[PDB]
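See structure below.
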Amino acid sequence: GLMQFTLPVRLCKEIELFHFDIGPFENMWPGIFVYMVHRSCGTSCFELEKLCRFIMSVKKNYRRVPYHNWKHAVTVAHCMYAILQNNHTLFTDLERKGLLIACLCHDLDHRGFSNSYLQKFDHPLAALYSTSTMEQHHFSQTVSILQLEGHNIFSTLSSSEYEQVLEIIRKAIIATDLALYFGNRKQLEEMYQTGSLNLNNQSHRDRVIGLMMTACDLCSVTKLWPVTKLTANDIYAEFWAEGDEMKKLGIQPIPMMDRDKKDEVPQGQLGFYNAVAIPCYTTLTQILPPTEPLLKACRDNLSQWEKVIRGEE
Ligand SMILES: Cc1oc(-c2ccccc2)nc1CCn1ccn(-c2ccnn2-c2ccccc2)c1=O
Ligand SMILES: [Mg+2]
Ligand SMILES: [Zn+2]
């Protein structure tokens with residue numbers, strides 16, 4: 001109870017900022033997450049013994065892949081922490097509980113391959129889950145870990161509160177399927193502009209939480225340039241492995257996954273910022289004004305990719 005987590009001064013200050021990088025010391029990431037739960041949710045939200053056992057089981061079930069790894073899980077949870085802390089009174093007690101856990105669990109047991117590669121491979125998961133294949137798997141893995149003895153961090157919730165929080169986590173994790181993002185943002189855009197957007201309407205909250213999940217998931221594009229640029233290498237390390245595996249199935253991959261087309265990465269990032277990232281943080285900033293620093297950092301990184309193309313870096 002009286003056992004707080006405390007970070008060194010630089011981390012205590014910088015963790016509050018959207019653009020915080022969790023650093024290369026893996027052994028500090030569990031402490032960083034508990035710190036964020038305690039400040040976001042409270043020292044009472046979870047039994048520390050159960051939370052610590054949940055965290056280490058989640059870590060164990062992330063794989064040693066270039067990008068979709070334990071560091072990504074904690075990075076996405078921190079972006080959610082920053083949004084929740086800058087939007088104090090907008091979110092319920094259960095929502096703050098659910099979303100930090102949802103973010104930590106959102107890519108559980110990722111193999112570094114897209115839904116599309118699972119389908120073309122004819123992976124068993126593609127027969128079990130026809131759409132949002134990996135995301136249904138990520139939710140399935142979350143429930144499994146929650147049901148390990150001593151791992152049920154929600155035990156002190158009532159039956160209906162427990163069902164509500166698992167429903168928050170399920171929708172939050174499905175929403176990280178980027179294929180669903182385009183339509184979710186368009187609906188939120190129309191709702192905001194026509195003025196029909198209502199945060200007491202559960203279906204509306206669900207959409208807002210979905211966009212928050214996309215925003216946290218894409219948050220590598222909202223870091224300082226050197227972090228964004230170095231994270232890009234890990235992202236493309238996976239894309240190019242998938243492209244290799246597409247070639248082994250006798251299918252030319254999209255250029256984004258074809259390592260022979262490394263040259264075109266700068267223009268590819270531009271399209272992505274313009275088509276996905278900037279739209280995402282613009283709509284998020286309209287709905288939740290205090291998330292504007294994510295939009296600003298994203299615009300700064302767009303400007304940096306424009307400089308790469310112009311030969312200035
Ligand atoms: C559209 C395009 O075309 C090229 C390209 C490159 C080289 C040659 C020819 C084309 N590159 C891109 C953009 C690449 N791209 C896609 C998602 N992310 C991303 C950013 C943060 N998270 N994620 C993310 C990663 C995995 C899964 C989900 C999300 C990302 O960087
Ligand atoms: Mg994912
Ligand atoms: Zn992710």
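When a/c is below 1.5 the answer is rounded, else prolate if a/b is larger than b/c, else oblate, so apply that to the chain with a ≥ b ≥ c taken from the square roots of the Cα gyration tensor eigenvalues.
The shape class here is rounded.
With +1 assigned to the C-beta of every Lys and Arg and -1 to the C-beta of every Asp and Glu, and no other charges, what is the dipole magnitude of the chain about the Cα centre in debye, to the nearest 20?
300
Could you list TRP240, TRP305, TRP225 so that the one with the fewest beta carbons within 10 Å of its beta carbon is first and the one with the most is last?
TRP225, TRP240, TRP305
Within 10 Å of each residue's Cβ, count the other Cβ atoms and sort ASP300, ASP93 from fewest upward.
Ordered by Cβ neighbours within 10 Å, fewest first: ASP93, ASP300.
Rounded to the nearest 0.05, what FRET efficiency do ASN200 and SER44 have when you use their Cβ-Cβ distance and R0 = 35 Å?
0.85
Which pairs break 27 Å Cα to Cα here: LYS223/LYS262; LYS120/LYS186; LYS13/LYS171; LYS248/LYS307; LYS60/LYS171; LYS186/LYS261?
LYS120/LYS186; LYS13/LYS171; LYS248/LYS307; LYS186/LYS261
Where does the charge balance sit around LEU224 when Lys and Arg score +1, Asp and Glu -1, over other residues with C-beta under 14 Å from its C-beta?
Around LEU224, the surrounding residues sum to +1.
FYI, it's all coordinate maths here, none of it is from the lab. When we count neighbours, we look across all protein chains shown, and the Cβ atoms used for this are built from the backbone with ideal geometry, even at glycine.
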